[PDB]
Amino acid sequence: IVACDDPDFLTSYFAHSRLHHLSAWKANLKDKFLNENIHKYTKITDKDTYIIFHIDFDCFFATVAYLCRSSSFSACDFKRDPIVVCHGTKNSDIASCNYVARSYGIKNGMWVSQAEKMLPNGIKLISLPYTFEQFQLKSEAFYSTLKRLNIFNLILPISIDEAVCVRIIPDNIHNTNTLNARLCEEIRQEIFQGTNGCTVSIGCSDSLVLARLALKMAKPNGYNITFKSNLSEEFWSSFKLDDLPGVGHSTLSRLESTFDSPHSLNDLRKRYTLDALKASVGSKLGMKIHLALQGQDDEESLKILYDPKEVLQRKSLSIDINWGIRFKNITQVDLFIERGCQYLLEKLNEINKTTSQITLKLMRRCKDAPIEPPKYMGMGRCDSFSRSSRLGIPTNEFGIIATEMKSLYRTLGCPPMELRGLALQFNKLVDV
DNA sequence: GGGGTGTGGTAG
DNA sequence: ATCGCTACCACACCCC
Ligand SMILES: Nc1ccn([C@H]2C[C@H](O)[C@@H](COP(=O)(O)OP(=O)(O)OP(=O)(O)O)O2)c(=O)n1
Ligand SMILES: *[C@@H]1c2c(cc3ccc4cccc5ccc2c3c45)[C@@H](O)[C@H](O)[C@@H]1O
Ligand SMILES: [Mg+2]
Ligand SMILES: [Mg+2]
Ligand SMILES: [Mg+2]
Ligand SMILES: [Mg+2]
């Protein structure tokens with residue numbers, strides 16, 4: 001066990017943290033895109049007619065972890081057994097669950113202890129360990145296959161297991177659903193072959209928002225072609241409110257409050273007005289949802305097609321550690337901040353930037369919260385505090401940055417024993 | 001309008 | 001045990 005005051009803590013935590021991997025992978029894919037396409041000026045204009053193929057692996061970690069499993073799990077069956085990927089056996093996050101598990105209401109992000117409860121008697125949850133190197137290898141095969149096809153004007157990385165692929169259609173070429181369906185079947189077979197048995201699903205549409213919804217409809221192991229002209233009651237009735245991009249749990253609560261708890265997006269489509277939406281969830285998000293219900297992309301969403309090189313540029317850099325934070329005194333907190341700053345500065349130097357503004361943010365145990373929460377080493381319920389500082393001159397100097405971060409910690413007035421998380425942020429980045 | 005800071009939501 | 005990251009938007013609120 002590597003404690004938070006051990007010099008190896010950050011390394012160990014990031015080696016084990018799947019959410020660290022998700023973010024680091026996305027950042028590296030964006031950086032790859034910027035390097036690979038430096039002499040490929042294949043950005044979309046609003047003149048162009050295009051088709052979107054939104055492609056992602058089915059239950060990615062579970063599939064890959066299953067295919068690469070040890071001989072101890074040789075008889076375990078992906079099509080018949082509920083299978084999850086996680087670290088532990090009780091209050092440990094299910095990173096990915098297969099579609100058998102999902103038939104019982106098990107979801108990604110549920111703790112194993114919750115998921116076990118949802119299975120009937122006679123049915124055992126199979127837990128597999130993370131295989132991070134294999135996740136990366138399968139992703140490499142995925143992106144290689146997409147490039148090798150030589151069919152997309154733009155391949156935009158969304159995650160380790162997910163890409164938005166854009167085909168521009170000339171005016172003189174007539175594109176048909178048959179051609180679109182053949183391409184879906186080609187991609188699916190080629191990825192299945194190239195990854196040695198992982199499945200992908202594909203949503204195919206003439207808008208980003210619809211391609212994403214079509215993808216959800218296609219899962220698992222399928223494809224769906226739904227263009228704006230094909231929108232129907234049956235389609236919209238297949239989706240929950242938080243199936244919309246940008247709508248998570250908090251926005252869902254607001255929409256259920258305002259619109260008398262619509263069961264599906266069809267119910268919301270029947271009941272809403274634009275003015276009422278905007279009042280429920282704000283001007284920008286309201287317009288996004290309204291446009292989404294017509295199968296249309298908001299202007300913010302379209303920027304990634306119109307200028308991907310600008311959109312994928314990194315504008316800030318940070319680390320977040322809100323697990324395993326148990327410090328006894330301020331000396332240890334300071335040493336940890338120093339280690340974090342050292343880490344961040346290596347990243348800042350790799351991208352040849354300086355920073356002109358930094359923030360320290362912390363999580364402090366809520367007054368009424370137990371000293372140790374149900375998840376081992378978890379932050380539990382906390383209040384956040386943050387403070388920022390502008391640096392006179394842009395810098396990458398440890399002496400300046402680490403000293404200011406430590407000073408920021410002191411200003412926030414959190415006793416070390418109550419600290420449950422720290423984030424160190426470089427908010428503004430500057431060239432050379 | 002120009003400038004600023006702190007908090008919280010979402011995606012993967 | 002268990003590994004609750006992190007970029008970036010939107011917003012509420014302050015100043016001249
Ligand atoms: N709450 C989550 C969500 C996702 N992931 C990781 C594991 C997932 O396998 C991977 C990709 O996420 P997706 O949301 O596409 O989820 P899956 O690929 O697991 O399932 P789906 O078949 O729903 O796409 O990211 C995670 O660790 N925790
Ligand atoms: C940790 C977890 C879970 C649910 C929520 C819900 C709302 C949250 C708001 C802000 C922070 C936060 C941090 C962790 C959370 C949150 C929130 C559960 O899905 C589960 O217990 C997770 O492990
Ligand atoms: Mg997915
Ligand atoms: Mg997936
Ligand atoms: Mg994904
Ligand atoms: Mg959503």
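These numbers come from the heavy atoms of this one structure, side chains and all, not from hydrogens, waters or symmetry mates. Lettering follows sequence order; numbering is per chain, from 1.
If you check C:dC3, C:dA1, C:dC5 against the side chain of A:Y376, the one that comes closest is C:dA1. Of all nucleotides listed (C:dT6, C:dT2, B:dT10), C:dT2 comes nearest to the side chain of A:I1. The A:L19 side chain lies nearest to C:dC5 when the options are B:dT10, C:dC8, C:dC5. Between B:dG9, C:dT6, C:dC9, one nucleotide has an atom nearer to the side chain of A:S250 than all others, and that is B:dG9. Closest to the side chain of A:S23, from the set B:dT10, C:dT6, C:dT2, is C:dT6. Among the nucleotides C:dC5, C:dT2, C:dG4, the one closest to any side-chain atom of A:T89 is C:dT2.
Listed pair A:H20 / C:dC3 fails the phosphate criterion, with no side-chain N or O lying under 4.0 Å from OP1 or OP2. Within the structure, every side-chain polar atom (N or O) of A:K361 is placed at least 4.0 Å from both OP1 and OP2 of C:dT6. A sub-4.0 Å separation between OP1 or OP2 of C:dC3 and a side-chain N or O of A:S12 is absent. Considering only side-chain N and O atoms, A:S17 lies under 4.0 angstrom from the phosphate OP1 or OP2 of C:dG4. Proximity of A:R314 to the phosphate of C:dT6: no side-chain N or O atom is located under 4.0 Å from OP1 or OP2. For the pair A:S318 and C:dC5, the criterion of a side-chain N or O lying under 4.0 Å from OP1 or OP2 is not met. For the pair A:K375 and C:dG4, the criterion of a side-chain N or O lying under 4.0 Å from OP1 or OP2 is not met. Between A:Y130 and C:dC3 there is no side-chain polar atom (N or O) within less than 4.0 angstrom of OP1 or OP2. A:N91 has no side-chain polar atom (N or O) that falls below the 4.0 Å cut-off from OP1 or OP2 of C:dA1.
Residue contacts shown for A:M377 are absent, as no nucleic acid heavy atom lies under 4.0 Å away. Heavy atoms of A:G248 sit under 4.0 angstrom from primed sugar atoms or phosphate atoms, though from no base atom. Among the heavy atoms of the strands, none lies under 4.0 Å from A:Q425. At a threshold of 4.0 angstrom between heavy atoms, the contacts of A:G380 include nucleobase atoms, whether or not backbone atoms are also involved. Within 4.0 Å (heavy atoms only), A:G88 reaches at least one base atom of the nucleic acid. Nucleic acid contact class of A:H21 (heavy atoms, under 4.0 Å, all strands): none. As judged by a 4.0 angstrom heavy-atom cut-off over every strand, A:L317 is placed among residues touching the sugar-phosphate backbone only. Residue contacts for A:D56: at a heavy-atom cut-off of 4.0 Å it reaches no nucleic acid atom on any strand shown. Using a 4.0 Å heavy-atom distance criterion, A:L285 is classed as making no nucleic acid contact. Looking at heavy-atom distances under 4.0 Å, A:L429 makes no contact with the nucleic acid at all. Here A:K30 lies in heavy-atom contact (under 4.0 Å) with sugar-phosphate atoms only. In this structure, A:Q313 reaches the sugar-phosphate backbone alone: every heavy-atom distance under 4.0 Å involves primed, P, OP1 or OP2 atoms, never a base.
Between A:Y66 and A:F78, the two ring planes are tilted [angle within 30° to 60°]. The aromatic rings of A:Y130 and A:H87 sit tilted relative to each other, their planes meeting at an angle between 30° and 60°.
When ring centroids are compared, A:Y272 and A:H290 come within the 6.0 Å threshold.
The torsion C1'-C2'-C3'-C4' is the criterion here, and for B:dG4 it is positive, giving a north pucker.
Where A:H16 and A:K284 each meet DNA chain C at their nearest nucleotide, the meeting point lying more 5' is that of A:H16. Nucleotides of DNA chain C nearest to A:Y343 and A:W323 differ in position, and the one nearer the 5' end is that of A:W323.
A salt bridge does not link A:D56 to A:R212: none of the charged nitrogens lies less than 4.0 Å from a carboxylate oxygen.
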| query | Just by protein heavy atoms under 4.0 Å, how would nucleotides 1-7 of chain B read 5' to 3' in B, S and -? | reply | ---SSSS
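Between B:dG8 and C:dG4, the distance separating the two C1' atoms is 16 Å to the nearest Å.
When side chains are defined from C-beta on, A:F239 counts as touching A:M217, because their heavy atoms get closer than 4.5 Å. Residues A:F9 and A:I321 have side chains in contact (heavy-atom distance under 4.5 Å, counting atoms from C-beta outward). Here the side chains of A:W323 and A:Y376 are in contact, with some heavy-atom distance below 4.5 Å. Under the 4.5 Å side-chain criterion, counting only non-hydrogen atoms from C-beta, A:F259 is not in contact with A:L241. Contact of the A:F227 side chain with the A:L210 side chain is not registered, since no non-hydrogen atoms from C-beta on lie closer than 4.5 Å.
Separating the CG atom of A:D93 from the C1' atom of C:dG4 is a distance of 7 Å, rounded to the nearest angstrom. Counting to the nearest Å, the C1' atom of C:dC11 and the NZ atom of A:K288 are 16 Å from each other. The CG atom of A:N427 sits 12 Å away from the P atom of C:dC8 (whole-angstrom rounding). Rounded to an integer number of Å, the gap from A:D307 CG to C:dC8 P is 14 Å. Nucleotide B:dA11 holds its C1' atom 12 Å from the CG atom of A:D161, rounded to whole Å.
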| request: Apply the test side-chain hydrogen bond (donor to acceptor under 3.5 Å, both in side chains) to residues A:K288 and A:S301: give CA-CA distance (whole Å), side-chain angles for both, the deciding distance (0.1 Å), then the verdict. | output: CA-CA 9 Å; A:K288 186 172 171 57; A:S301 290; 3.1 Å; yes
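Stacking of the aromatic ring of A:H87 onto the base of C:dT2 is not found under the criterion of centres within 5.5 Å and planes under 30°.
Closest approach of A:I187 to A:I151, counting heavy atoms only: CD1-CD1, 4.4 Å.
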What donor-acceptor contacts under 3.5 angstrom involve side-chain atoms of residues 398-406 of chain A, with partners at least two apart or in another chain?
residue, atom, partner, partner atom, Å
A:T403, OG1, A:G399, O, 2.6
A:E404, OE2, A:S389, OG, 2.6
A:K406, NZ, A:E338, OE2, 2.8

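Between the CZ atom of A:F61 and the CD1 atom of A:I94 there is a distance of 14.0 Å, given to the nearest 0.5 Å.
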Heteroatom pairs (N/O) under 3.5 angstrom, protein to nucleotides 12-16 of chain C:
none

